[PDB]
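Student: Pasting a structure here, questions to come.
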Amino acid sequence: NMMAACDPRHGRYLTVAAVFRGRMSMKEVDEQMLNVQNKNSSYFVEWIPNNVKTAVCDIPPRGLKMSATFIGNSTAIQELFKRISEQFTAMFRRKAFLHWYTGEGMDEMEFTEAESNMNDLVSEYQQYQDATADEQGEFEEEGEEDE
Amino acid sequence: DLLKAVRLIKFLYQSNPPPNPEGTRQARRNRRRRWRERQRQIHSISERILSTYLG
Amino acid sequence: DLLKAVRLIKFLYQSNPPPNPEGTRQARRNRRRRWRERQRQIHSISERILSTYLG
Amino acid sequence: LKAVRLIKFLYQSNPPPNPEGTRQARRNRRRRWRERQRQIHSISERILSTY
Amino acid sequence: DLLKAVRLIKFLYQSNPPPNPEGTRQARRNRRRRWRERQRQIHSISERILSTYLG
Amino acid sequence: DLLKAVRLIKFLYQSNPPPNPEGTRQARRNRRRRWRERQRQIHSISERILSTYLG
Amino acid sequence: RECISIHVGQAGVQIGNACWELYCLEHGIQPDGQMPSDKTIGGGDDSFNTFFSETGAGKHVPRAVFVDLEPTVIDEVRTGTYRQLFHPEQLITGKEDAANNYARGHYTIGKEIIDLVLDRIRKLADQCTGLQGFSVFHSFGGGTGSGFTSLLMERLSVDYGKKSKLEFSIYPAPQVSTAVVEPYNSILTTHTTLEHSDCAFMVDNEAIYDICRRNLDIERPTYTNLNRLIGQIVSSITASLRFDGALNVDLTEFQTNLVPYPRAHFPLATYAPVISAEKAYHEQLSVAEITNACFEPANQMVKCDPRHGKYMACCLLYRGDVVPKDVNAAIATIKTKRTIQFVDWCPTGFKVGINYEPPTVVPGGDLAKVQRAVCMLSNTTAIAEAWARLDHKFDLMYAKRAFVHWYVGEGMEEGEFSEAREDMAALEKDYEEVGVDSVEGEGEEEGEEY
Amino acid sequence: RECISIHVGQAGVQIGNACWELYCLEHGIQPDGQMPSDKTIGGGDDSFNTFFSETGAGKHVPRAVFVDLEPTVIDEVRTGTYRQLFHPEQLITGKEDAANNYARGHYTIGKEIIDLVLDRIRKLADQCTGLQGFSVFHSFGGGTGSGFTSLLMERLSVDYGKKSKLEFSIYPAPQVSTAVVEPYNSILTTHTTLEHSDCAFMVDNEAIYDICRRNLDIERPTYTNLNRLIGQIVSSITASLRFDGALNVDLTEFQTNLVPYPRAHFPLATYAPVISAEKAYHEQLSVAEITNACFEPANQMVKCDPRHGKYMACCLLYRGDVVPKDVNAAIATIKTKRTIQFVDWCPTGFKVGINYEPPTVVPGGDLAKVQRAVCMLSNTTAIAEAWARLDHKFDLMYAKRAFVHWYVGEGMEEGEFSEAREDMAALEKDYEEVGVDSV
């Protein structure tokens with residue numbers, strides 16, 4: 001259902017929140033939240049260790065009185081950014097489609113810096129999707145002295 | 001005589017990469033495993049160069 | 001290296017005796033094997049001088 | 001230089017003792033061999049590890 | 001020679017360096033265990049080498 | 001004070017070696033036990049004079 | 001004894017109105033406007049009738065300045081269930097809400113009302129000569145949070161002198177709240193509120209959640225039941241200055257025998273001989289199991305092992321209602337064995353405090369006719385595990401760098417976070433390393449730190 | 001009269017919780033915490049009900065250590081007949097175990113878990129100062145087994161000075177075993193943990209098999225029966241400390257009474273007046289047959305001929321419970337007329353010891369109500385063959401260099417196996433040199 005290139009395997013979520021305006025208690029909801037939290041190791045990133053939210057109201061959105069939704073931090077957006085950016089660079093290499101994108105003020109520095117900061121956000125995103133600097137990736141999980 | 005051999009073993013020390021914080025938790029375990037394997041071989045070579053040269 | 005690279009070659013040339021035997025399964029199949037272990041360390045530092053001539 | 005002279009001087013300072021007696025002290029003699037060779041190699045690798 | 005022997009055991013006693021007390025109490029306990037290992041082995045071999053001279 | 005500490009060890013070696021280990025009973029084994037504990041306390045004093053004086 | 005009461009944040013204002021109406025039902029302040037017992041307007045002028053005195057308009061109104069820039073909490077203290085029994089005109093609203101952001105309060109969003117709260121504290125500090133300190137209701141990050149308490153404490157230590165700064169530093173449960181950033185303000189607490197204070201306390205929320213979900217079995221895991229029980233603990237601590245008599249063990253020697261050191265600043269609380277509303281069916285009134293379940297984790301606010309936390313002080317407190325000779329009768333019950341691991345340079349005995357006059361019971365909650373209590377409050381080194389848990393949370397968050405750019409472009413500094421880490425480390429090592437028995441300094445030769 | 005026990009290995013934790021369940025059932029230490037005989041919660045510490053500590057507000061816990069790398073064993077223990085009063089804060093286990101070997105659990109993967117249980121040992125060692133040795137439960141190849149012990153005995157004998165201790169080595173049985181390389185781990189355990197020891201005694205599972213299938217006529221070789229029998233035997237051993245009587249001597253007195261030498265170190269635990277629902281029904285108990293049936297070969301943990309088995313010591317333990325009068329009558333009815341073949345140039349003084357205040361028998365087990373105990377802790381110099389047979393099998397399997405490759409890349413060398421063979425050959429040939437009767 002998630003409106004992206006779906007990959008729970010490629011998922012390192014940072015902050016999730018689902019508003020439960022269906023009239024029911026949150027104890028079983030939090031138990032199932034713990035079950036989903038610990039049943040997969042992709043979610044285990046351990047920054048801000050209370051990175052969930054359970055907000056419950058009593059005002060229904062529509063005639064279906066008890067229902068919910070999904071909001072949650074998205075980490076499989078790297079393939080979306082790549083799927084858009086590399087087909088931007090597909091039609092940039094041959095100065096493709098300068099029919100009327102030759103604007104009133106045009107430079108090569110603007111497009112070059114645009115793709116360089118696109119690279120510097122996708123590379124930093126993939127550096128944060130890797131380099132497990134909180135789970136066990138430090139030097140002090142296996143003693144202290146390993147040369 | 002073996003003051004260059006201890007520089008060779010210090011180059012084996014210099015073949016050590018960092019333990020890679022930019023390294024997947026399965027992969028720097030492999031770095032540690034190839035580390036301990038190579039110093040097992042280095043310890044065999046060390047007792048070789050200790051026992052053989054003493055004669 | 002680049003003149004001490006052949007100094008490990010004269011180290012292997014220096015302290016490599018003929019495999020004089022001592023008991024079965026020993027000194028002509030496992031001391032020969034630790035000598036080939038030394039040779040595979042030599043192979044590893046050959047692919048590691050492949051990357052120091054890169055720089 | 002002085003380091004390798006020290007290491008080989010300690011190597012020749014571990015002689016093989018004479019075999020005599022009703023095999024009590026021989027096991028302690030083997031233990032002394034293996035241990036003292038281990039820490040002379042430890043001193044060797046520490047000295048050549050600082051340098 | 002007695003001069004070289006006791007000067008060299010003094011020199012390897014200088015290879016018993018001052019520690020690095022940086023860390024928590026558990027790292028200092030691991031440092032303490034390494035200290036007990038090195039002190040135990042080094043004074044045992046000091047008295048052993050003294051006995052091999054005379055005592 | 002270093003030459004003092006080496007020439008005395010020389011004089012613990014020199015002036016009194018172990019007495020002639022032949023006595024006309026099994027009590028010479030007893031006095032050899034005395035002298036091996038005596039070399040034990042020479043071990044003791046020799047690890048005092050290098051560690052509590054120059055350490 | 002006419003200490004100034006400050007209440008900021010949503011928890012501070014919430015428990016402020018709750019506890020002051022608990023005083024209203026305790027001191028008899030009827031919704032008419034005045035008590036039917038003593039006919040002096042507003043409040044009395046006894047030794048215990050001293051919280052309520054003449055400052056406002058001759059009517060001895062309850063004395064608490066209520067400031068918070070979150071306007072909805074000021075609205076629901078203005079439009080709750082009592083409209084005139086508080087200060088009739090001295091509650092000033094806040095215009096723009098901090099909205100769960102602490103760092104805006106100390107630097108950007110709360111700076112317009114610092115002059116107003118200075119005017120309020122100059123109004124309420126030139127009052128009657130009895131002033132033993134400050135009844136601070138501290139919070140971390142709910143409303144403004146630690147912002148106004150922090151600026152008040154720093155300018156009260158550099159401008160008002162060296163008055164005592166008694167804090168209720170709540171360390172709330174992340175389950176019932178919604179913020180995640182809370183370790184940042186809880187560790188800036190050490191830098192901005194701990195050194196320039198003089199005395200402090202601790203109230204918690206995890207143990208009340210644990211008993212309400214499992215033990216007490218009340219289906220109310222929100223801030224309301226937390227307020228209902230923290231109101232009981234605030235009434236219990238204020239009963240020293242509220243119940244004067246033969247055994248009025250008041251704040252005077254209390255502040256002496258709580259804290260031994262500069263950074264032994266953090267006490268502990270173990271009040272839980274509680275009997276619930278579903279236990280309110282004439283059950284066992286016990287003076288034995290409330291002595292027998294003291295060091296069990298049920299009474300403890302933070303789950304810590306007493307087997308590892310040495311105590312340099314112990315302040316026993318058994319507030320009952322039955323007999324002043326029951327003080328001696330309970331001295332001769334359980335105190336004789338008490339082989340408890342102590343520091344080798346601290347006393348052993350237990351102080352005693354009772355309030356033998358029976359109180360007035362709070363209605364409409366989860367409590368029976370409670371009359372007797374147990375609390376083994378003291379400064380313990382067993383909170384080192386709790387502060388190590390908080391430091392583990394902060395180390396993980398600082399490795400994750402959550403809301404760092406939120407919390408640096410307003411006046412903070414990464415070196416300021418380093419100095420806050422050093423202050424937290426000082427508070428750690430005065431409980432981790434120095435706090436344990438340090439007998440290993442006499443002398444031995446093994447290779448130790450000479 | 002205070003001691004804290006550690007247990008390693010799967011079968012070690014099994015015999016540990018079985019024996020502790022028997023302890024808590026026979027002192028009246030209920031799962032309600034308190035013992036109902038008096039008004040102290042959790043347990044007590046008076047003279048001999050002293051297996052506790054004041055952890056909470058008088059709360060007392062059955063202080064012990066349960067350690068195994070395989071994690072499900074503590075879960076299946078914690079759902080047993082003594083469910084929730086085991087410690088919720090020291091049940092430390094790993095994630096993946098060594099899986100039936102020695103080298104990996106000792107050298108490689110246990111090296112980051114030895115310091116954690118060492119810190120736990122230090123935290124429990126900051127507690128009450130009563131110390132009379134240790135009680136270490138282990139096997140040769142059950143769980144981790146030798147991997148923890150071979151390191152932690154050296155760590156105890158270096159880190160904790162020269163303090164006395166005691167250990168339990170479960171001698172294996174190839175008819176119910178689960179491995180083939182048991183000569184290798186047996187010879188390695190025997191050169192390592194016995195030279196750094198103070199007291200030990202080996203219990204053979206094949207001896208339990210013999211006394212069950214060949215002496216009791218039952219037809220169930222399951223580890224539950226072994227756990228209950230070990231619980232009974234170790235409870236009878238510990239009952240001197242656990243209950244006070246006429247000769248309520250400490251375990252320190254026992255270990256300073258038994259051991260003659262660092263090499264001459266092991267007893268022959270002689271307790272087979274075998275009992276179940278079959279051999280306890282309408283029988284009569286006397287102090288003659290239970291004492292005359294000791295020296296026979298089919299009563300022993302380790303097999304020995306009675307004339308060829310030479311008793312350096314003949315120490316005895318009695319559960320008593322009626323009188324010391326019949327025990328001091330049997331000292332002449334049985335013990336005085338003992339001209340049995342003995343060791344030359346050593347005293348021939350028989351020792352007896354009676355401990356009153358009966359330990360309650362096992363509830364829900366198999367044996368009916370029984371009274372006497374003949375736990376005669378002798379020793380035998382001819383147990384050199386009981387390890388010489390393993391050395392012979394290790395010679396016939398070790399010249400083929402089998403299973404060597406699993407024990408090469410984890411730190412050791414072939415010199416270690418040669419040293420282990422040398423150590424066991426030294427122990428055996430020392431027994432036929434001076435242990436077996438000489439001139």
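Naming works like this for the structure tokens: A, B, ... for the chains as they're shown, residue 1 at the start of each chain, ligands 1 onward in shown order.
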Once chain F is superposed on chain C with a least-squares fit on all C-alpha pairs taken in order, can you show it as an mmCIF file with N, CA, C and O atoms, in the first residue's frame?

Tutor:
```
data_model
loop_
_atom_site.group_PDB
_atom_site.id
_atom_site.type_symbol
_atom_site.label_atom_id
_atom_site.label_comp_id
_atom_site.auth_asym_id
_atom_site.auth_seq_id
_atom_site.Cartn_x
_atom_site.Cartn_y
_atom_site.Cartn_z
ATOM 1 N N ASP F 1 60.672 4.132 -3.642
ATOM 2 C CA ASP F 1 61.290 3.005 -2.952
ATOM 3 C C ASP F 1 61.191 1.704 -3.757
ATOM 4 O O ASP F 1 60.218 0.957 -3.655
ATOM 5 N N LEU F 2 62.218 1.434 -4.561
ATOM 6 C CA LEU F 2 62.248 0.268 -5.433
ATOM 7 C C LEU F 2 63.311 -0.744 -5.031
ATOM 8 O O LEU F 2 63.043 -1.949 -5.028
ATOM 9 N N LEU F 3 64.526 -0.284 -4.709
ATOM 10 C CA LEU F 3 65.585 -1.202 -4.302
ATOM 11 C C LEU F 3 65.277 -1.864 -2.964
ATOM 12 O O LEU F 3 65.682 -3.012 -2.727
ATOM 13 N N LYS F 4 64.569 -1.153 -2.084
ATOM 14 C CA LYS F 4 64.044 -1.754 -0.864
ATOM 15 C C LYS F 4 63.123 -2.922 -1.194
ATOM 16 O O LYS F 4 63.249 -4.014 -0.623
ATOM 17 N N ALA F 5 62.219 -2.717 -2.156
ATOM 18 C CA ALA F 5 61.224 -3.725 -2.496
ATOM 19 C C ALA F 5 61.813 -4.931 -3.220
ATOM 20 O O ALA F 5 61.176 -5.985 -3.234
ATOM 21 N N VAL F 6 62.999 -4.817 -3.819
ATOM 22 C CA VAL F 6 63.642 -5.961 -4.460
ATOM 23 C C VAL F 6 64.572 -6.694 -3.498
ATOM 24 O O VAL F 6 64.576 -7.927 -3.456
ATOM 25 N N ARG F 7 65.310 -5.963 -2.656
ATOM 26 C CA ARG F 7 66.160 -6.631 -1.679
ATOM 27 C C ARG F 7 65.354 -7.291 -0.570
ATOM 28 O O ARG F 7 65.811 -8.276 0.022
ATOM 29 N N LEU F 8 64.132 -6.838 -0.329
ATOM 30 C CA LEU F 8 63.400 -7.598 0.719
ATOM 31 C C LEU F 8 62.917 -8.894 0.067
ATOM 32 O O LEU F 8 63.166 -9.972 0.632
ATOM 33 N N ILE F 9 62.343 -8.802 -1.127
ATOM 34 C CA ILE F 9 61.977 -10.082 -1.737
ATOM 35 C C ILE F 9 63.174 -11.029 -1.736
ATOM 36 O O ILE F 9 63.031 -12.240 -1.505
ATOM 37 N N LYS F 10 64.379 -10.484 -1.961
ATOM 38 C CA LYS F 10 65.599 -11.279 -1.821
ATOM 39 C C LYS F 10 65.743 -11.870 -0.421
ATOM 40 O O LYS F 10 66.196 -13.009 -0.278
ATOM 41 N N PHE F 11 65.363 -11.122 0.617
ATOM 42 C CA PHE F 11 65.459 -11.644 1.979
ATOM 43 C C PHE F 11 64.296 -12.546 2.389
ATOM 44 O O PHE F 11 64.480 -13.390 3.275
ATOM 45 N N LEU F 12 63.111 -12.398 1.784
ATOM 46 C CA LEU F 12 62.108 -13.459 1.903
ATOM 47 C C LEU F 12 62.571 -14.749 1.238
ATOM 48 O O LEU F 12 62.196 -15.839 1.679
ATOM 49 N N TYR F 13 63.370 -14.646 0.175
ATOM 50 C CA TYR F 13 63.957 -15.847 -0.410
ATOM 51 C C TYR F 13 65.077 -16.414 0.457
ATOM 52 O O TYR F 13 65.189 -17.635 0.619
ATOM 53 N N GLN F 14 65.909 -15.542 1.027
ATOM 54 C CA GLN F 14 67.227 -15.947 1.518
ATOM 55 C C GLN F 14 67.168 -16.586 2.904
ATOM 56 O O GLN F 14 67.565 -17.742 3.081
ATOM 57 N N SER F 15 66.696 -15.829 3.901
ATOM 58 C CA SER F 15 66.923 -16.196 5.300
ATOM 59 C C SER F 15 66.180 -17.469 5.690
ATOM 60 O O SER F 15 66.724 -18.311 6.414
ATOM 61 N N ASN F 16 64.941 -17.631 5.235
ATOM 62 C CA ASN F 16 64.208 -18.872 5.474
ATOM 63 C C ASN F 16 63.764 -19.524 4.174
ATOM 64 O O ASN F 16 62.731 -19.137 3.598
ATOM 65 N N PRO F 17 64.501 -20.513 3.681
ATOM 66 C CA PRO F 17 63.935 -21.477 2.735
ATOM 67 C C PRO F 17 62.956 -22.390 3.454
ATOM 68 O O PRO F 17 62.832 -22.309 4.686
ATOM 69 N N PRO F 18 62.218 -23.243 2.741
ATOM 70 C CA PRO F 18 61.428 -24.277 3.429
ATOM 71 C C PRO F 18 62.318 -25.182 4.262
ATOM 72 O O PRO F 18 63.395 -25.592 3.803
ATOM 73 N N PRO F 19 61.922 -25.471 5.505
ATOM 74 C CA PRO F 19 62.679 -26.420 6.330
ATOM 75 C C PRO F 19 62.748 -27.794 5.680
ATOM 76 O O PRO F 19 61.964 -28.125 4.786
ATOM 77 N N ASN F 20 63.733 -28.585 6.138
ATOM 78 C CA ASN F 20 64.066 -29.913 5.629
ATOM 79 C C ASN F 20 62.812 -30.777 5.577
ATOM 80 O O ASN F 20 62.275 -31.167 6.620
ATOM 81 N N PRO F 21 62.313 -31.099 4.367
ATOM 82 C CA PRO F 21 61.021 -31.778 4.207
ATOM 83 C C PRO F 21 61.070 -33.278 4.491
ATOM 84 O O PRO F 21 60.602 -34.095 3.696
ATOM 85 N N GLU F 22 61.645 -33.644 5.634
ATOM 86 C CA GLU F 22 61.696 -35.028 6.088
ATOM 87 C C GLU F 22 61.372 -35.048 7.575
ATOM 88 O O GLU F 22 62.191 -34.635 8.402
ATOM 89 N N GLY F 23 60.172 -35.507 7.906
ATOM 90 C CA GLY F 23 59.758 -35.638 9.287
ATOM 91 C C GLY F 23 59.258 -37.042 9.537
ATOM 92 O O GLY F 23 58.732 -37.706 8.644
ATOM 93 N N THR F 24 59.421 -37.492 10.780
ATOM 94 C CA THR F 24 59.289 -38.916 11.063
ATOM 95 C C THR F 24 57.848 -39.375 11.268
ATOM 96 O O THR F 24 57.591 -40.170 12.175
ATOM 97 N N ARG F 25 56.933 -38.918 10.413
ATOM 98 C CA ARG F 25 55.567 -39.422 10.233
ATOM 99 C C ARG F 25 55.016 -38.828 8.942
ATOM 100 O O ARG F 25 55.742 -38.185 8.174
ATOM 101 N N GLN F 26 53.718 -39.042 8.707
ATOM 102 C CA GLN F 26 52.996 -38.345 7.649
ATOM 103 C C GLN F 26 52.718 -36.887 7.989
ATOM 104 O O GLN F 26 52.214 -36.157 7.128
ATOM 105 N N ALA F 27 53.020 -36.449 9.215
ATOM 106 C CA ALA F 27 52.853 -35.051 9.595
ATOM 107 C C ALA F 27 53.831 -34.122 8.887
ATOM 108 O O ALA F 27 53.647 -32.901 8.941
ATOM 109 N N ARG F 28 54.860 -34.660 8.224
ATOM 110 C CA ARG F 28 55.692 -33.816 7.377
ATOM 111 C C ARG F 28 54.949 -33.413 6.108
ATOM 112 O O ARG F 28 55.172 -32.318 5.588
ATOM 113 N N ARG F 29 54.035 -34.257 5.621
ATOM 114 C CA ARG F 29 53.120 -33.819 4.569
ATOM 115 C C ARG F 29 52.200 -32.715 5.076
ATOM 116 O O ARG F 29 51.864 -31.784 4.334
ATOM 117 N N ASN F 30 51.799 -32.795 6.347
ATOM 118 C CA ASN F 30 50.995 -31.737 6.950
ATOM 119 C C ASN F 30 51.773 -30.427 7.051
ATOM 120 O O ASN F 30 51.231 -29.351 6.771
ATOM 121 N N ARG F 31 53.047 -30.490 7.440
ATOM 122 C CA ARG F 31 53.833 -29.263 7.516
ATOM 123 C C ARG F 31 54.271 -28.773 6.138
ATOM 124 O O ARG F 31 54.521 -27.577 5.972
ATOM 125 N N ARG F 32 54.323 -29.654 5.136
ATOM 126 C CA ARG F 32 54.482 -29.197 3.761
ATOM 127 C C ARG F 32 53.214 -28.525 3.252
ATOM 128 O O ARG F 32 53.290 -27.614 2.422
ATOM 129 N N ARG F 33 52.044 -28.965 3.722
ATOM 130 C CA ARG F 33 50.818 -28.213 3.470
ATOM 131 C C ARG F 33 50.859 -26.851 4.153
ATOM 132 O O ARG F 33 50.416 -25.845 3.575
ATOM 133 N N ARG F 34 51.387 -26.807 5.386
ATOM 134 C CA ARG F 34 51.647 -25.524 6.039
ATOM 135 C C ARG F 34 52.536 -24.638 5.188
ATOM 136 O O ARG F 34 52.255 -23.450 5.026
ATOM 137 N N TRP F 35 53.610 -25.194 4.633
ATOM 138 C CA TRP F 35 54.534 -24.360 3.873
ATOM 139 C C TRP F 35 54.019 -24.005 2.480
ATOM 140 O O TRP F 35 54.409 -22.968 1.939
ATOM 141 N N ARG F 36 53.144 -24.814 1.878
ATOM 142 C CA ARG F 36 52.557 -24.375 0.616
ATOM 143 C C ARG F 36 51.504 -23.292 0.841
ATOM 144 O O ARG F 36 51.402 -22.360 0.037
ATOM 145 N N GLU F 37 50.761 -23.344 1.956
ATOM 146 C CA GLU F 37 49.912 -22.203 2.297
ATOM 147 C C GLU F 37 50.750 -21.010 2.750
ATOM 148 O O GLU F 37 50.332 -19.855 2.599
ATOM 149 N N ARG F 38 51.936 -21.272 3.300
ATOM 150 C CA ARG F 38 52.864 -20.203 3.649
ATOM 151 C C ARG F 38 53.378 -19.503 2.399
ATOM 152 O O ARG F 38 53.473 -18.276 2.365
ATOM 153 N N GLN F 39 53.688 -20.264 1.349
ATOM 154 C CA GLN F 39 54.041 -19.641 0.076
ATOM 155 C C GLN F 39 52.830 -19.003 -0.593
ATOM 156 O O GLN F 39 52.989 -18.059 -1.373
ATOM 157 N N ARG F 40 51.620 -19.479 -0.288
ATOM 158 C CA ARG F 40 50.418 -18.768 -0.720
ATOM 159 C C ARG F 40 50.331 -17.392 -0.059
ATOM 160 O O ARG F 40 49.987 -16.397 -0.709
ATOM 161 N N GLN F 41 50.667 -17.298 1.227
ATOM 162 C CA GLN F 41 50.609 -15.969 1.830
ATOM 163 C C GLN F 41 51.853 -15.141 1.504
ATOM 164 O O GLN F 41 51.806 -13.912 1.611
ATOM 165 N N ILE F 42 52.950 -15.777 1.080
ATOM 166 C CA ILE F 42 54.064 -15.028 0.496
ATOM 167 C C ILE F 42 53.668 -14.462 -0.866
ATOM 168 O O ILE F 42 54.047 -13.337 -1.215
ATOM 169 N N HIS F 43 52.891 -15.225 -1.647
ATOM 170 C CA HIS F 43 52.241 -14.685 -2.841
ATOM 171 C C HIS F 43 51.403 -13.466 -2.487
ATOM 172 O O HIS F 43 51.463 -12.430 -3.164
ATOM 173 N N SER F 44 50.619 -13.587 -1.411
ATOM 174 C CA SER F 44 49.785 -12.484 -0.945
ATOM 175 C C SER F 44 50.617 -11.248 -0.621
ATOM 176 O O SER F 44 50.375 -10.175 -1.179
ATOM 177 N N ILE F 45 51.640 -11.394 0.229
ATOM 178 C CA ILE F 45 52.421 -10.229 0.650
ATOM 179 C C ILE F 45 53.233 -9.658 -0.511
ATOM 180 O O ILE F 45 53.433 -8.439 -0.592
ATOM 181 N N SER F 46 53.659 -10.499 -1.458
ATOM 182 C CA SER F 46 54.412 -10.002 -2.599
ATOM 183 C C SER F 46 53.521 -9.268 -3.591
ATOM 184 O O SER F 46 54.006 -8.392 -4.316
ATOM 185 N N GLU F 47 52.228 -9.602 -3.654
ATOM 186 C CA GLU F 47 51.344 -8.749 -4.441
ATOM 187 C C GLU F 47 50.807 -7.556 -3.650
ATOM 188 O O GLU F 47 50.261 -6.634 -4.265
ATOM 189 N N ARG F 48 50.937 -7.541 -2.316
ATOM 190 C CA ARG F 48 50.737 -6.278 -1.595
ATOM 191 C C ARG F 48 51.879 -5.306 -1.865
ATOM 192 O O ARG F 48 51.646 -4.144 -2.202
ATOM 193 N N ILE F 49 53.130 -5.767 -1.727
ATOM 194 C CA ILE F 49 54.250 -4.831 -1.616
ATOM 195 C C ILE F 49 54.599 -4.155 -2.930
ATOM 196 O O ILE F 49 55.379 -3.196 -2.933
ATOM 197 N N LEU F 50 54.059 -4.631 -4.048
ATOM 198 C CA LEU F 50 54.269 -3.988 -5.337
ATOM 199 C C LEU F 50 53.064 -3.191 -5.810
ATOM 200 O O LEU F 50 53.231 -2.259 -6.607
ATOM 201 N N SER F 51 51.858 -3.527 -5.345
ATOM 202 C CA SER F 51 50.658 -2.853 -5.817
ATOM 203 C C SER F 51 50.094 -1.830 -4.836
ATOM 204 O O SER F 51 49.521 -0.827 -5.280
ATOM 205 N N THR F 52 50.244 -2.038 -3.530
ATOM 206 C CA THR F 52 49.777 -1.081 -2.538
ATOM 207 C C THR F 52 50.879 -0.140 -2.072
ATOM 208 O O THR F 52 50.631 0.707 -1.210
ATOM 209 N N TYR F 53 52.085 -0.274 -2.619
ATOM 210 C CA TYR F 53 53.215 0.599 -2.318
ATOM 211 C C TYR F 53 53.639 1.451 -3.501
ATOM 212 O O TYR F 53 53.848 2.656 -3.341
ATOM 213 N N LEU F 54 53.768 0.858 -4.689
ATOM 214 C CA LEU F 54 54.206 1.574 -5.883
ATOM 215 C C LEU F 54 53.133 1.595 -6.967
ATOM 216 O O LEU F 54 53.447 1.830 -8.139
ATOM 217 N N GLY F 55 51.876 1.354 -6.605
ATOM 218 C CA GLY F 55 50.798 1.335 -7.575
ATOM 219 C C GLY F 55 49.551 2.073 -7.124
ATOM 220 O O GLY F 55 49.248 2.133 -5.933
#
```

Student: So which bits of chain B end up helix (DSSP H, G or I) when you DSSP the backbone, as number ranges by chain?

Tutor: B: 5-14, 27-51

Student: Show me which bits of chain D are within 12 Å of chain E, counting only C-alpha atoms, as a PyMOL selection string.

Tutor: chain D and resi 2-17+29+32-33+35-40+42-50

Student: Only residues of chain G matter here; which ones have an atom within 12 Å of chain E, counting only C-alpha atoms? Give them as number ranges by chain.

Tutor: G: 425, 428-429, 432-434, 446-449

Student: For the strand (DSSP E or B) assignment from backbone DSSP, which residues of region 36-137 of chain H qualify? Please present them as an MDAnalysis selection string.

Tutor: chainID H and resid 54 60 64:68 93 136:137
